[PDB]
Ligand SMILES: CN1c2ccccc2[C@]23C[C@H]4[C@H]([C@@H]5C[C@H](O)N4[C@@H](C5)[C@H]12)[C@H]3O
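To begin, one chain is listed below as structure tokens, in the form solved without the named molecule.
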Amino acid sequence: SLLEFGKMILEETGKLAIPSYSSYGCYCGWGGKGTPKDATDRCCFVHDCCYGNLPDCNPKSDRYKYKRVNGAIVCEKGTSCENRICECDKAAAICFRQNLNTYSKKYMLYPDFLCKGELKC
């Protein structure tokens, strides 16, 4: 669910999902069009694609369970939708973690008209 993914992002990064990632660039949160601005945005693009692979699942509301096994996120057994949503969100959090070194506040609240360039999943 949206709230769980926000917790997973805070644990990984130390940044609150809202407002650090909720409006970042051309793909994070509401959005998803044009050429991703940077590596963090590419994380959101992949995440957006990952959700798109699951048209009959509801990632905002569906709650999954996960644990930590060496500080590592480990998705636990639930429904097939919940399992698949978890793996999507786990990849995004890790991706954000991996790219904190290039995170830029200038891409926060990025303008929609500046998101141009087709990019398929």
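Just count from 1 along the sequence shown to find any residue number. Note that the rigid core is defined as the largest set of C-alphas that superpose within 1.5 Å between two forms.
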More shifted region, core-based fit in 8 other deposited structures of this protein, 52-60 vs 39-47 by CA: 52-60
Stretch farther from the shown model on average in 8 other deposited structures of this protein, with CA RMS computed after core superposition (82-90, 65-73): 65-73
Which has higher Cα B-factors on average according to the PDB entry: 25-33 or 44-52? 25-33
Regarding 65-73 and 78-86, which shows the higher C-alpha temperature factor on average in the entry? 65-73
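Only in words, not in the display: the form solved in complex with the named molecule, which the text now covers.
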Can you tell me if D48 lies within 4.5 angstroms of the named molecule in the entry with it bound, counting non-hydrogen atoms only? yes
In the entry with it bound, does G52 have a heavy atom within 4.5 Å of the named molecule? yes
Under the 4.5 Å heavy atom criterion, name the residues of 1-32 that approach the named molecule in the entry with it bound, in sequence order. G31, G32
